[PDB]
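Per-entry structural report
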Amino acid sequence: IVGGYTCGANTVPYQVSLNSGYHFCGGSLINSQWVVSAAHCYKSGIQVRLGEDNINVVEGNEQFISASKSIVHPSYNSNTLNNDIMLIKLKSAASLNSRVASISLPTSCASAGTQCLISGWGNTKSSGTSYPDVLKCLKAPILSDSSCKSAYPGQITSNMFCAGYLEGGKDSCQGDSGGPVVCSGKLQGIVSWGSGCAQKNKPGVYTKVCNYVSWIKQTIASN
Ligand SMILES: NC(=[NH2+])c1ccc2[nH]c(-c3cccc(OC4CCCC4)c3[O-])nc2c1
Ligand SMILES: [Ca+2]
């Protein structure tokens, strides 16, 4: 997260770290056995780490659970990143409490101007790499579709939306992919991609979760 602030320990209880010997993507807990992340974060050997703040220190509240299976959306396109969403089923259910809680899926899509919270352990520099030990937060608004398509002509599909600041300075970045974009307590986006991090007129692009709620529900119901 570039231009953000330290969230405070366990203040984002639905945030998870996908780990394979190091943190490589974020994700969101939607019920005690499933996590939603981005399809491009897919790899085998994923251990999901819940209740984290410092990902390099066991401070208490952490729950490390292996993924039993990861379901990449069947229409995921790795060249355009269209349908960049993945569901991860946990080997055992997590124990939910005030520090580990799930976030609600939306019933309607959010409008431009809606303020959301984006979080993650990704790079905090736009020019260089500085990875934090604790979770960083950024409050950012959803941009209009016209500003988004004007910034990335021919690359935005209806399953994507832009959020951020056109003046540059605040953005999600490498290591934040797969994590949450929460607006008024509903999960509206998944960190997907961007051009560099926090550059002027290049806002971050997110997977539009409201377009996938029936897919998520039907997939969870059959697995
Ligand atoms: N500027 C942004 N809003 C942005 C947000 C998330 C990003 N994630 C990445 C990213 C870059 C290189 C490799 C990645 O993931 C690979 C390692 C884990 C598997 C895929 C990224 O997510 N760039 C990103 C840029
Ligand atoms: Ca820790």
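Residues numbered from 1 in each chain as written, not as in the entry; some residues may be left out. Chains lettered and ligands numbered in written order. Heavy atoms only, no water.

In terms of determination method and resolution, the entry is listed under X-ray crystallography at 1.50 Å.

The name given to the protein in the PDB entry is BETA-TRYPSIN, and the organism recorded there is Bos taurus. The title given to this PDB entry is "Elaborate Manifold of Short Hydrogen Bond Arrays Mediating Binding of Active Site-Directed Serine Protease Inhibitors". Listed under Subunit in UniProt, the entry text for the protein is "Interacts with SERPINA1." Taken verbatim from the UniProt record of the protein, the Sequence similarities comment is "Belongs to the peptidase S1 family." (UniProt positions renumbered as here; feature names shortened; annotations may be inferred.)

The subject of this paragraph is the sheet that holds strand β11 (residues 180–183). Across the sheet, which stays open at both edges, the seven strands sit in the order β1-β9-β8-β11-β12-β13-β10 with antiparallel pairing between neighbours. This sheet does not close on itself; its edge strands, each paired only once, are β1 (5–6) and β10 (160–163). Relative to strand β13 (residues 204–208), strand β12 (residues 186–193) is paired through four bridges, and the arrangement is antiparallel. Of the residues in β13, the one forming a bridge with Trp193 is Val205. (Pairing = 2+ DSSP bridges. Helix = DSSP H or I, 4+ residues; strand = E, 2+ residues; numbered from the N terminus.)

The next point concerns the nonpolar core. Core analysis: the biggest nonpolar cluster contains 41 residues, and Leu18, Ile30, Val48, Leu50, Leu87, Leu90 and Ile216 have the highest contact counts within it. Elements that contribute at least two residues to this core include exactly β2 (15–19), β3 (23–31), β4 (34–37), β5 (47–50), β6 (63–72), β7 (86–90), β12 and α2 (213–221). For this core, the domains that each give at least three residues are domain 1 (1–12 + 103–210) and domain 2 (13–102 + 211–223). In contact with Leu18, other than residues within four places in its own chain, are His23, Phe24, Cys25, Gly26, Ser37, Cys41, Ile46, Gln47, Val48, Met86 and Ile88. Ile1, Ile118, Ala140 and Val181 belong to the second-largest nonpolar core, a separate cluster that totals 13 residues. (Core = buried A, V, L, I, M, F, W, Y, C linked by side-chain atoms within 4.5 Å. Buried < 20%, exposed > 50% of the residue type's maximum accessible area, 1.4 Å probe, protein only. Domains from an automatic or database assignment. Contact = heavy atoms within 4.5 Å.)

Unusually for a residue other than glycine, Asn10 sits at a positive phi of about 55°. Inspection of the secondary structure puts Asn10 in the loop between β1 and β2. Within the chain, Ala198 stands out as a residue other than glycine whose phi angle is a positive 55°. Within the secondary structure layout, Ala198 lies in the loop between β12 and β13.

Attention now moves to the pairing of β11. Burial along β11 is two-sided: the face carrying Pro180 and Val182 and the face carrying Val181 and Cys183 are both buried. With four bridges connecting them, β11 and β12 associate as antiparallel partners. Following the sheet pairing, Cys183 is matched in β12 by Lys186. Hairpin connection, β11 to β12: the antiparallel pair is bridged by two residues, and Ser184 has positive phi, about 45°.

Around ligand 1, a shell composed of 14 residues is seen, among which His40, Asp171, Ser172, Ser177 and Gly196 lie nearest. Between ligand 1 and the protein, one listed contact pairs an oxygen atom with a side-chain N or O atom of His40 at 2.9 Å. The class makeup of the residues in the shell around ligand 1 is six nonpolar, seven polar and one charged. A domain split of the shell around ligand 1 shows at least three residues from each of domain 1 (1–12 + 103–210) and domain 2 (13–102 + 211–223). (Near = heavy atom within 4 Å. Polar contact = N/O pair within 3.5 Å; in protein donor to acceptor, adjacent residues only side chain to side chain. Nonpolar A, V, L, I, M, F, W, Y, C, P; charged D, E, K, R; others polar.)

Let's shift gears to the packing of aromatic side chains. In this structure the tally under the stated criterion is three aromatic pairs. When the ring of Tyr152 is compared with that of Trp193, the centres are 4.9 Å apart and the planes differ by 65°; the resulting orientation is edge-to-face. With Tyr152 in the loop between α1 (145–151) and β10 and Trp193 in strand β12, this residue pair connects regions lying 41 residues apart in the sequence. The two residues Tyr152 and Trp193 agree in class, both being buried. Here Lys43 stacks its cationic end above the ring of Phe24, 4.1 Å away from the centre of that ring. Over the ring of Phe64 we find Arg49; its NZ or CZ atom is 3.9 Å from the centre of that ring. (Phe/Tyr/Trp six-rings, centres within 6.5 Å; stacked < 30°, edge-to-face > 60°. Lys NZ or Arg CZ within 6 Å of the ring centre and 35° of its normal.)

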